[PDB]
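First residue of the sequence shown? That's 122 in this note's numbering, and the numbers climb one at a time after it. We treat Cβ as the ideally placed atom computed from N, Cα and C, and that holds for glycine. Encoded as structure tokens, the structure appears first; notes follow it.
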Amino acid sequence: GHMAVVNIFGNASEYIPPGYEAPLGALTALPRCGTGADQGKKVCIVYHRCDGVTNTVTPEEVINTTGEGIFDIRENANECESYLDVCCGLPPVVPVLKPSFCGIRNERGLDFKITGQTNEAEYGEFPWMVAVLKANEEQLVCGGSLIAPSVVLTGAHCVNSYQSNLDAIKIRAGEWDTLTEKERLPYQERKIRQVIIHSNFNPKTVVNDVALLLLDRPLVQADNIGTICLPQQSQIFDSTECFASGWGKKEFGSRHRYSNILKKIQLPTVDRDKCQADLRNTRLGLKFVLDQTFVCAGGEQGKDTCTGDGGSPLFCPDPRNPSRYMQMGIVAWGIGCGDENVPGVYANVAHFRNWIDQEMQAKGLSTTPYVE
Ligand SMILES: *[C@@H]1O[C@H](CO[C@@H]2O[C@@H](C)[C@@H](O)[C@@H](O)[C@@H]2O)[C@@H](O[C@@H]2O[C@H](CO)[C@@H](O)[C@H](O)[C@H]2NC(C)=O)[C@H](O[C@@H]2O[C@@H](C)[C@@H](O)[C@@H](O)[C@@H]2O)[C@H]1NC(C)=O
Ligand SMILES: [Ca+2]
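And the structure:
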């Protein structure tokens with residue numbers, strides 16, 4: 122009954138400014154590198170502690186703005202074991218709150234552009250990708266999207282069973298490679314203060330599979346953190362450039378691989394009526410009716426594993442502003458991404474715009490972060 126006053130007086134609708142709120146240790150203790158005259162004389166150090174021009178270790182964190190960095194993510198492809206380490210030679214101003222814009226993709230990646238990749242997303246490519254994790258299949262419960270500094274959008278099926286046990290879960294934003302913390306901008310975690318599950322959600326037919334996660338405190342502003350824009354109520358998407366993105370429940374944080382970088386897959390929208398038709402052609406029969414709370418996108422030919430995690434966002438370009446992205450869907454089933462002949466079925470975000478606006482307003486939370 123007092124969530125409103127806290128959110129209003131606490132400015133829960135804005136990011137906490139940077140600076141407002143792990144020493145590498147002895148350089149000699151770092152793994153050696155270098156060949157020729159430098160053999161064994163240089164050190165393997167996280168890129169943000171090695172000057173890009175002088176190739177020399179730095180006393181403090183440094184930021185490369187040349188936009189010419191290219192990192193090969195493949196194991197054994199670099200001088201150093203870790204692709205985020207640079208073979209370096211032996212030897213900041215904290216900005217205020219900046220303006221924020223929803224749906225901004227970093228197509229070229231933050232800090233560096235990757236190479237040697239298959240379906241990996243650039244570092245910080247989609248700043249709104251959030252992971253819902255067990256605080257206590259494995260660590261990752263579901264995916265989700267940041268729609269406001271203190272609000273995450275996900276599927277009801279994801280948190281329905283944690284309503285009376287919110288302490289068992291948490292969210293992680295700004296994540297990229299779940300197997301290392303070498304990324305310059307770190308991930309951020311927050312406890313979930315409340316969960317708002319749509320009133321007409323039904324776990325059987327999976328209709329109205331949407332929920333809001335209200336965080337205990339807003340996220341800190343950073344380039345690897347950003348909201349996704351929401352569509353207008355009833356909006357219909359038409360694009361060949363949407364994306365699904367995820368880490369995989371089994372892979373997330375599983376220290377049995379070289380890396381677990383956020384993955385992405387480009388997919389086109391599929392008209393509602395056509396989709397129902399494709400579904401009717403399956404054993405579902407021509408009597409099957411696709412509920413209005415679902416939308417479709419194209420599937421993959423040779424199938425194996427779906428890219429978007431349950432509850433994660435299916436997003437497409439804003440037709441009125443092609444440079445930014447809007448959320449079209451929510452992954453209802455991690456295994457329901459379809460194939461070459463049968464489209465993937467997702468929760469229809471546009472059908473819930475008014476509902477989201479209303480829940481936000483009732484909590485004293487501004488909706489501008491997913492509009493501007
Ligand atoms: C809640 O936010 C208020 C407004 O913040 C300003 O506008 C935001 C959009 C953003 O740009 C932010 O950076 C701006 O500062 C704060 O009030 C402002 O506080 C600053 C100093 O912190 C002060 O210089 C401004 O005059 C003041 N603006 C006003 C009068 O609204 C709130 O800060 C608290 O309340 C203030 C009245 C002041 O007593 C301040 O010392 C308090 O920290 C923010 N509240 C909280 C809990 O942080
Ligand atoms: Ca990481």
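Taking only heavy atoms of ligand 4 into account, decide whether any of them is closer than 7 Å to the Cβ of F130. Among the ligands modelled here, namely ligand 1 and ligand 2, ligand 4 does not occur.
Is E480 near ligand 1, judged by its Cβ being under 7 Å from some heavy atom? no
Taking 6 Å as the limit, tell me which residues put their C-beta closer than that to any heavy atom of ligand 2, in chain order. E296, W297, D298, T299, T301, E302, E304, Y308
Could you check if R293 is buried or exposed, using at least 16 other CB atoms within 10 Å of its CB as the buried criterion? buried
Tell me which same chain residues have a C-beta within less than 7 Å of the C-beta of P138, skipping the five on either side of it? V217, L218, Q342
Three or more C-beta pairs under 8 Å: does that hold for the segment 239-248 against the segment 378-388? yes
Please classify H319 as buried or exposed, where buried requires at least 16 other C-beta atoms within 10 Å of its C-beta. buried
Is it true that the segment 406-425 meets the segment 294-303, where meeting means three or more beta-carbon pairs spaced less than 8 Å apart? no
How about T301 and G369: do their beta carbons lie closer than 8 Å? no
I want to check one thing, is the minimum distance from the CB of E135 to the heavy atoms of ligand 1 below 7 Å? yes
Which residues in the same chain have their Cβ closer than 8 Å to the Cβ of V492, if we skip the five residues on either side of it in sequence? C223, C350, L351
What are the partner residues of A468, as DSSP defines its beta bridges? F415, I451
What's the gap between the Cα of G431 and the Cα of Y141? 34 Å
Can you find a heavy atom of ligand 1 that lies under 7 Å from the Cβ of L218? yes
Tell me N442's beta-bridge partners as DSSP assigns them. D439
Pull up the DSSP beta-bridge partners for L400, would you. DSSP output for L400 lists no bridge partner at all.
Count the other CB atoms, across all protein chains shown, that sit within 10 Å of the CB of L145; report buried if there are 16 or more and exposed otherwise. exposed
Endpoints, the beta strand (DSSP E) within which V492 is located: Here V492 belongs to no beta strand (DSSP E), and DSSP marks it neither H nor E.
Taking the alpha-carbon positions, what's the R311 to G429 distance? 22 Å
Alpha helix (DSSP H) segment containing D193, residue limits: Taken as a continuous stretch (DSSP letters only), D193 belongs to no alpha helix (DSSP H), being part of the beta strand (DSSP E) at 191-193.
Hey, quick one: how far does the alpha helix (DSSP H) through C279 stretch, first residue to last? 277-280
Segment contact flag, the segment 466-484 with the segment 251-261, C-beta cutoff 8 Å, min 3 pairs: no
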